[PDB]
Amino acid sequence: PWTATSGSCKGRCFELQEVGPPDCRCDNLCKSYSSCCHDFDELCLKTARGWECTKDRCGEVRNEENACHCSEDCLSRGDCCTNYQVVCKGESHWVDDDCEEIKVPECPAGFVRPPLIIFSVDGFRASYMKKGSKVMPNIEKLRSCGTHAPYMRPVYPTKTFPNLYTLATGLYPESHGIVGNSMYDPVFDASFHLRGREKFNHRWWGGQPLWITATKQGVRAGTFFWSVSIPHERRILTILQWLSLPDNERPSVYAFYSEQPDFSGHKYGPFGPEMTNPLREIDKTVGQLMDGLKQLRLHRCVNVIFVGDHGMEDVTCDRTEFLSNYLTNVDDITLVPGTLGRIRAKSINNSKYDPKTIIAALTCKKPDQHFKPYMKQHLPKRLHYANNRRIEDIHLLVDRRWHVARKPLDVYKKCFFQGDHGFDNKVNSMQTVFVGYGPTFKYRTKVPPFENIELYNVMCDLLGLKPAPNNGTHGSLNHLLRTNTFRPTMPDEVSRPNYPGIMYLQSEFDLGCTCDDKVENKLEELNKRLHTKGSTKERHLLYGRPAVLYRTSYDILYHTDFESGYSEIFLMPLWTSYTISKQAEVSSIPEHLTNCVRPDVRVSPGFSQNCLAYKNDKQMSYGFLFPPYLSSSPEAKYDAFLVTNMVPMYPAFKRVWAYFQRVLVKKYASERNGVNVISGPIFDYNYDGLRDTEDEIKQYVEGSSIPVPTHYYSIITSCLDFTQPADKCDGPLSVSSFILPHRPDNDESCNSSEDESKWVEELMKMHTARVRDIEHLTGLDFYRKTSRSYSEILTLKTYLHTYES
Ligand SMILES: *[C@@H]1O[C@H](CO)[C@@H](O[C@@H]2O[C@H](CO)[C@@H](O[C@@H]3O[C@H](CO[C@H]4O[C@H](CO)[C@@H](O)[C@H](O[C@H]5O[C@H](CO)[C@@H](O)[C@H](O)[C@@H]5O[C@H]5O[C@H](CO)[C@@H](O)[C@H](O)[C@@H]5O)[C@@H]4O)[C@@H](O)[C@H](O[C@H]4O[C@H](CO)[C@@H](O)[C@H](O)[C@@H]4O[C@H]4O[C@H](CO)[C@@H](O)[C@H](O)[C@@H]4O)[C@@H]3O)[C@H](O)[C@H]2NC(C)=O)[C@H](O)[C@H]1NC(C)=O
Ligand SMILES: NC(=O)[C@@H]1CCN1C(=O)COc1cccc2nsnc12
Ligand SMILES: [Ca+2]
Ligand SMILES: [Ca+2]
Ligand SMILES: [K+]
Ligand code: NA
Ligand SMILES: [Zn+2]
């Protein structure tokens, strides 16, 4: 675009409404667009005499050339140096004052709501709060007096633009569209990059960021972006001047952004000796804001959020893997490189390109290989990184401390750097910070770690806004807040279950199944009837039946050892619930029952699986959701071979599933003092993170209507106080969950030729999940009947067990 830069910034410095080219701009982004009026530096970026009042400037004659003022009129003009009251009026720095609870907002007249200030710091690693604590007194006072988490989990990839835009929208990058710091959109045929002009185009930027949500609901917003050449002292002074505007003109929400400590972290590594100075400097900027707020009498009015986008790991040029050491055809691919890999064909005119051969050439080729290839639909579902045309089908998950590059020349026609980020968002070095301070946040409160996708909802709660639809779980962070909590109701159940009794004779079934189960006592005849009508259901279903939130046809089936919700549409359980006490015994499948499958006389032949389909399907076998190994008695074991408990399983997956059921469930019950397990299938053939309808299923057991799951889940719940058994717990719960990919090979696990005891648990840890992730993939709602507050249950449903030490 052309700009007539001969207009003037007189009286317009850091104006909030941006004017359209060809008119010249005076806003905090004009520099980045080469569009400022000729006099912007002169008028808007004054530097004379620097940023601090000195004793000799106190009561000076106003000089409009000064960067900031120490004259008597400065407080009414809103343009004092932040230290004016300290130097000139005997006041204390905010950091030197005792922490005093802010029970109510203490705001000047005309303030309709406590303003919100988001203070975002690039590359601020979680452990900086403890390791830098001696040189960050302002930050340590926000942290200790307010509400803090030990860390906040970013989104993947743990890069700047994806994380800042997730902070602004509450969306996963797959949904907001900023899926990396570099991208190719094949529909646009356009490329997005850090340097350059394409990234300004609005088409990259999906969802509804907080400043737009605010503006649409009548709440005014400061501009959230700052041109890199505007010094931090000037950003802070601009925020404080905006806070002196008249009521009708004054924003309610503001953002400050620091490029540090990321900028230095890339050069020196996360804990380089050079990193102390950048931490001191950020702390000094926080001190400037808080002193400025105290001058304006806003320091007990404003909610301040101190938040990072991601951490920083040790990474050097010598720890690079080269695709040229794996692929013959390296010139036929494009790689997006570094702390992740994304691969596509160099040319869409190349009908020679085959993803299968590239994946195979990159799979377990070298004993200490520092990346793992995936088709994007096979990535751990917790990453939510697939449902976007900008995310390449082929992905490389790079080990922490490493890079991937196409060939060696890429690394020295561009060592230098000692830090980088972008790795798996569960990696400890990638975690970042959260502090909330103000009237609306709690006083001196620690909260558990949480994900950055949750903050948009809370920022909306802080400003009285209705959030746009997002990936947060609204209410899961109510424990951060003194007031403005959001009081959600549980979703309504959409489908009520049937409770079938005995309706079918054995001879009505023609399923091609056999079982050696013909073995005839009137004591345990009343008992079996009691078990089938749900006499043990209180033991095995501890948190109520899951609610089905979509329209479907399903049956509740009771058994001595487990309860299921059996889908007449999918011909298998949606869910299977069972409790395993610390004392439970593991047993074998008796030799005579190895191939036993039994018709369920509560369920019609036409709503049943059949064994003939599994015999004819040479790729597919079957497993059971309730494990026969954990049967309470020889007689109860027959229930586990019901055709209503069977699910399709590739033999390679049955190795994983059998080890989980035979070894790991009992191990968890031993360690956690009992566990409640809910297991089931997931169908996500379009990798959108959402339950498939039946018309989206791409694979069936050959010759049948039996759909093949993409994944199997388990939710494993126990008492947070492990002195109480899982089935008699009086207080909060503890959960871990997974979503295992249902794959026909174990190529993901490079050690899979060894015994399951060396690789299966490591696979399961990689595919750790939130209960909320399973809710999206299944249309079920769990924990409907506990003694716990709903907000606490929402917090439990967002918990991720990360298995970092
Ligand atoms: C995380 O939270 C988010 C937000 O809540 C969840 O995402 C939502 O999920 C819904 C279902 O997947 C989805 O609703 C669909 O969207 C269509 C309307 O879309 C536009 O409008 C909204 C509102 O302003 C806007 O946000 C959208 O933004 C997307 O697209 C723009 C421009 O392309 C992007 O810049 C932006 O980043 C975003 O991209 C992301 O989402 C899209 C899908 O919209 C993906 O394709 C991208 O990869 C990326 O992830 C849009 O501008 C609506 O038209 C749909 O309705 C059809 O679907 C069914 C199925 O048959 C049918 O019954 C309907 O009547 C209709 O059918 C017809 O169209 C079909 C599809 O073309 C066609 O096949 C049929 O044959 C018919 O012709 C549908 O309602 C909603 O858009 C997104 N929103 C966002 C912001 O992403 C997300 O699910 C959560 N994640 C998890 C894991 O929980
Ligand atoms: N000028 C710049 O390019 C620097 C680098 C980030 N940026 C900022 O000034 C602050 O940046 C953001 C704040 C909120 C949402 C965002 N989505 S992507 N970047 C965002
Ligand atoms: Ca960053
Ligand atoms: Ca789906
Ligand atoms: K088979
Ligand atoms: Na393998
Ligand atoms: Zn960086």
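Values below: all heavy atoms of this structure, side chains included; hydrogens, waters and symmetry mates excluded. Atoms within each ligand, like the ligands themselves, are counted from 1 in listed order. The first residue in the sequence is number 1, and the count goes up from there.
Using modelled atom types, one side-chain atom of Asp684 and one backbone atom of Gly689 make a donor-acceptor pair closer than 3.5 Å. Looking at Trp759, its side chain never comes within 3.5 Å of a backbone N or O of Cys750 through a donor-acceptor pair. The main-chain N or O of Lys159 is never found under 3.5 Å from a side-chain atom of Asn181 such that the two would form a donor-acceptor pair.
Inclusion of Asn163 in the first shell of the Ca ion (ligand 3) is not supported: no N, O or S atom falls under 3.0 Å. Using a cut-off of 3.0 Å, one finds that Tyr685 contributes no N/O/S atom close to the Ca ion (ligand 4). Using a cut-off of 3.0 Å, one finds that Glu696 contributes no N/O/S atom close to the Ca ion (ligand 4). Among the atoms of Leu777, no N, O or S atom falls under 3.0 Å of the Ca ion (ligand 4). Note on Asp309: counted as a metal contact of the Ca ion (ligand 3), an N/O/S atom lying under 3.0 Å. Within the coordination shell of the Ca ion (ligand 3), defined by N, O or S atoms under 3.0 Å, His310 is present. The Na ion (ligand 6) has no N, O or S atom of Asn751 closer than 3.0 Å.
Of all N/O/S atoms in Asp684, OD1 sits nearest the Ca ion (ligand 4). The nearest N/O/S atom of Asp688 to the Ca ion (ligand 4) is OD1. Atom OD1 is the N/O/S atom of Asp692 found closest to the Ca ion (ligand 4).
Side-chain N/O atoms of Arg691 and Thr778 include no donor and acceptor closer than 3.5 Å. No hydrogens or angles considered: a donor-acceptor pair under 3.5 Å links the side chains of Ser679 and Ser714.
Enclosure of atom NZ in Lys365 by more than 12 non-hydrogen atoms of other residues, nucleotides or ligands within 6.0 angstrom is indicated.
Note: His421 NE2 to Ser429 OG = 10.5 Å, rounded to the nearest 0.5 Å.
Both the sub-6.0 Å distance and the 45° axial angle are satisfied by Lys366 relative to the ring of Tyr326.
Between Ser749 atom O and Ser752 atom OG, the angle centred on the Na ion (ligand 6) amounts to 80° (nearest 10°).
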